[PDB]
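Peer 1: Below you'll find the structure I mean.
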Amino acid sequence: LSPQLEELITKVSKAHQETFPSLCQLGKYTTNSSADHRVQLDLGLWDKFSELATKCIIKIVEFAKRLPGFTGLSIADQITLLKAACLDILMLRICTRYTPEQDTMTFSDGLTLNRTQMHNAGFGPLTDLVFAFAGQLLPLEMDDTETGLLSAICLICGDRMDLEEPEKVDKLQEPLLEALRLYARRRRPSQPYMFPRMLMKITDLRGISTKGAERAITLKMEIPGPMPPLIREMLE
Ligand SMILES: CCCCCCCCCCCCO[C@H]1O[C@H](CO)[C@@H](O[C@H]2O[C@H](CO)[C@@H](O)[C@H](O)[C@H]2O)[C@H](O)[C@H]1O
Ligand SMILES: CC1(C)CCC(C)(C)c2cc([C@H](O)C(=O)Nc3ccc(C(=O)O)cc3F)ccc21
């Protein structure tokens, strides 16, 4: 047993929770825009969606800086890691806000969109793949500590190209992986495949993020102006 490891778990858990409200903590509200038929694009929904995406990107940067050692990396390496992982973490985040009964996802201001509205906000032909990923996350029953650590593991990874100090990043990732296995096994000792299944979701996230970046390129053709600047930073 390690006191340092337990403090790391609590610190990452609290950093996730304070930068990403839980479904249960949110006052849900809805919209009647484009709610019943899929269209190419509803620009009112794109505008609201992209605004919320921008806010969540800021929250991910805030979460990252709360991770032990992260601000000890070069500023360039911090930005490199954020740019490489932010879409992955966003995809994880919105898929933890999925309500199977209503077939909806909920954003951090409580906006709750049905599947068609998600499509119409810009997800387009990526919509059903995203909802199926969200679907297959549910059986894991991850809690907010596990989502936070998995997100941290996604972000702090020394494989990203163009890192200055990849070995320093590897060493920062090591206790995160240790903490997630410890925590997961302790919380559900009868389900020992939970930790490896959680790590396998990172590859799935990367696949979904890649499709979302491809979708960003066609969506650009359809909106009257450039995407919001922090979204562009992520997509470069
Ligand atoms: C992946 C793409 C990211 C690559 C790196 C580029 C993004 C770097 C963003 C750092 C932004 C710094 O944030 C700076 O302005 C933000 C908006 O005015 C403020 O953000 C503040 O307001 C937000 C509301 O919009 C809140 O959700 C934040 O919790 C709060 O801290 C910060 O308090 C301030 O420190
Ligand atoms: C429409 C499409 C496919 C192309 C454009 C970009 C790349 C911006 C993108 C980005 C995401 C991403 O998962 C996201 O931003 N999620 C997200 C997560 C949480 C919150 C919140 O808590 O409020 C808001 C969000 F917006 C999903 C779809 C797309």
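Bear in mind that the values in this text are calculations on the coordinates, not laboratory data. Using ideal geometry, Cβ is built from the backbone for each residue, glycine included, and neighbour counts are taken over all protein chains shown.
Peer 1: Take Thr210 and tell me if it is farther than 26 Å from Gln4 by Cβ and exposed (fewer than 15 other Cβ atoms within 10 Å of the Cβ). Give the derivation first.
Peer 2: On the way: farther than 26 Å from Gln4 by Cβ: yes; exposed (fewer than 15 other Cβ atoms within 10 Å of the Cβ): yes.
Considered against the rule, which asks whether it is farther than 26 Å from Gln4 by Cβ and exposed (fewer than 15 other Cβ atoms within 10 Å of the Cβ), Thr210 comes out as yes.
Peer 1: Do we find that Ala134 is in contact with a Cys (Cβ under 7 Å, 6 or more places away or on another chain) and either in a helix (DSSP H, G or I) or buried (at least 16 other Cβ atoms within 10 Å of the Cβ) (or both) in this structure? Walk me through it before giving the result.
Peer 2: Details: in contact with a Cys (Cβ under 7 Å, 6 or more places away or on another chain): yes; either in a helix (DSSP H, G or I) or buried (at least 16 other Cβ atoms within 10 Å of the Cβ) (or both): yes.
Yes, satisfied.
Peer 1: For region 103-114, how many residues meet the condition of being away from ligand 1 (no atom under 16 Å from the Cβ) and surrounded by fewer than 18 Cβ atoms within 10 Å (Cβ to Cβ)? Full working, then the answer.
Peer 2: Initial filter on region 103-114 (away from ligand 1 (no atom under 16 Å from the Cβ)): 103-106, 112-114.
With surrounded by fewer than 18 Cβ atoms within 10 Å (Cβ to Cβ) added as a condition, the list becomes 103.
Total meeting the criteria: 1.
Peer 1: Test each condition in (1) small (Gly, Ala, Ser); (2) surrounded by 19 or more Cβ atoms within 10 Å (Cβ to Cβ); (3) more than 18 Å from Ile60 (Cβ to Cβ) for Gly158 and report the one that comes out false.
Peer 2: (2)
Peer 1: For region 70-81, which positions are under 22 Å from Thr10 (Cα atoms) and either outside any helix (DSSP H, G or I) or within 15 Å of ligand 2 (Cβ to nearest atom) (or both)?
Peer 2: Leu73
Peer 1: Quick one: is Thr116 in a helix (DSSP H, G or I), in contact (Cβ under 8 Å) with a residue 24 or more places away in the chain and among the hydroxyl-bearing types (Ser, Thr, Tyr)?
Peer 2: Values: in a helix (DSSP H, G or I): yes; in contact (Cβ under 8 Å) with a residue 24 or more places away in the chain: yes; among the hydroxyl-bearing types (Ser, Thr, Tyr): yes.
Yes: the conditions hold for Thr116.
Peer 1: Let me ask something else about it. Between residues in region 208-230 that are farther than 18 Å from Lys48 by Cβ and residues that are among the charged types (D, E, K, R) and loosely packed, with under 13 Cβ neighbours inside 10 Å, which pairs lie under 6 Å by C-beta distance while being six or more apart or on different chains?
Peer 2: Correct list of pairs: empty, since none qualify.
Peer 1: A follow-up question, please. Out of the residues in region 13-60 meeting the condition of being basic (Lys, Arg) and within 13 Å of ligand 2 (Cβ to nearest atom), tell me which one is farthest from the chain's Cα centre (by Cα).
Peer 2: First pass over region 13-60, keeping only residues basic (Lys, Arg): 14, 28, 38, 48, 55, 59.
Of the ones still in play, those that are also within 13 Å of ligand 2 (Cβ to nearest atom) are 28, 48, 55, 59.
Numbers: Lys28: 20, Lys48: 18, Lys55: 13, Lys59: 11 Å.
Looking at residues that are basic (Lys, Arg) and within 13 Å of ligand 2 (Cβ to nearest atom), I get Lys28.
Peer 1: In addition: List, please: which pairs have Cβ atoms under 8 Å, are six or more places apart or on different chains, and start with a residue in region 176-200 that is over 14 Å from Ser151 (Cβ atoms) and end with one that is outside any helix (DSSP H, G or I) and of a type outside the set (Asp, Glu)?
Peer 2: Close Cβ pairs satisfying both conditions: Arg185/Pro192; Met194/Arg188.
Peer 1: Of the residues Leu45, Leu67, which single one is touching a residue at least 60 places away in the same chain (Cβ under 8 Å) and part of a helix (DSSP H, G or I)? Can you show your working first?
Peer 2: Numbers: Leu67 fails: part of a helix (DSSP H, G or I).
Within the list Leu45, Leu67, the selection yields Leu45.
Peer 1: Please determine whether any residue of region 152-165 is in contact with a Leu (Cβ under 6 Å, 6 or more places away or on another chain) and among the small types (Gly, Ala, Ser).
Peer 2: Checking region 152-165: at least one residue is in contact with a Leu (Cβ under 6 Å, 6 or more places away or on another chain) and among the small types (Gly, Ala, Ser).
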